[PDB]
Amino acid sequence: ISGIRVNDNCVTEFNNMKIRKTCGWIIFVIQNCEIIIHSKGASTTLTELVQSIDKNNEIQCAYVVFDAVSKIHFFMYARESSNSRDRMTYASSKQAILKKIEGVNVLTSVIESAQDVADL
């Protein structure tokens, strides 16, 4: 028992996005011991999405899905200035969220800023 659960809404809205077949994204965070949706939207570019996240210092870590229609990509975000305990929490809960969105292209490395995606 992790003490962290996935809110069913994460899966509802991920499926919404998947079935819509348009370029979109969802950001998930952990709040009060559950993984919930922080925000969701239509995409411009993956780099602009991560730039927006970089600008919000309240997002220290997150899970991000980016639906590019051809494929849906998943990564863990954690800013350089994020604390090690927070990062461990997210890393450790990563598999829990992935169980409900199996089929995504996972990036194994933690993304720390928009720079990291700006090439790939």
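One-based numbering along the sequence shown.
Participant: Could you settle it for me: does 94-102 or 12-20 have the higher average Cα B factor in the PDB entry?
Facilitator: Higher mean C-alpha B-factor: 94-102.
Participant: Please work out which of 42-50 and 29-37 has the higher mean CA B-factor as recorded in the PDB entry.
Facilitator: Per the deposited B-factors, the answer is 29-37.
Participant: Quick check for you: using the entry's CA B-factors within this chain, is residue 88 in the lowest, middle or highest third?
Facilitator: As the PDB entry reports it, the C-alpha B-factor of residue 88 lands in the highest third of its chain.
Participant: Against its chain's modelled residues, does residue 73's Cα B factor rank lowest, middle or highest third?
Facilitator: It belongs to the lowest third of the chain when residues are ordered by C-alpha B-factor.
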